2 protein chains.
Amino acid sequence: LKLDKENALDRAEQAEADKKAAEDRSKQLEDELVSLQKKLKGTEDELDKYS
Amino acid sequence: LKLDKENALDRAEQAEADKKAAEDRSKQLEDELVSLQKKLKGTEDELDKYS
């Protein structure tokens, strides 16, 4: 039916939306691995300045 | 419609595979962000130890 495709599509479309959300989380987490690594190296560069 | 439950189920399997690859990345990047944060706090608490 249209309801089988709509439910399978709601799963696929929501999975694409969840891929957007999962990608939003993973890309933001990669941006924040850069933020964390950059602030880790901010702190490391500052460790040397304080050391 | 009739085969779009199957096309959208396979699309859901792929979209779930890609949301999962993005989410598996979100988890790996979360583990890395937390590892970087623990190292950042390692360096930040050490920035204080030197400061």
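Throughout, read-outs are computed from the coordinates displayed, never taken from laboratory work. Every residue, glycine among them, receives a Cβ derived from its backbone with ideal geometry; neighbour counts consider all protein chains shown.
Do the sum for chain B: with -39,500 (n - 2.57) for every DSSP H run of n ≥ 4, divided by all residues, what is the mean residue ellipticity at 222 nm, to the nearest 500 deg cm²/dmol?
Counting only the DSSP helices, I get -34500 deg cm²/dmol.
Specify the angular offset, from 0 to 90 degrees and rounded to the nearest 10, of the alpha carbon long axis of helix A:2-50 from the longest principal axis of the alpha carbons in chain A.
0 degrees
Net charge near B:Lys49, counting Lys/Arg +1 and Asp/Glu -1 over other residues with Cβ under 15 Å of its Cβ?
Every neighbour counted, the sum reads -4.
Under 19 Å between alpha carbons, and skipping anything fewer than 8 positions from A:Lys20 in its own chain: which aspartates and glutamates qualify?
Once the sequence-local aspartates and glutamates are set aside, what remains near A:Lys20 is A:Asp10, A:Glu30, A:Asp31, A:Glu32, B:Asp10, B:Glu13, B:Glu16, B:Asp18, B:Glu23, B:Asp24, B:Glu30.
Kirkwood hydrodynamic radius of chain A from all distinct Cα pairs, in Å?
In chain A this quantity evaluates to 13.7 Å.
Given points 7 Å out from each Cα along the Cα-Cβ axis, report the B:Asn7 to A:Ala21 separation in nanometres with one decimal.
2.6 nm
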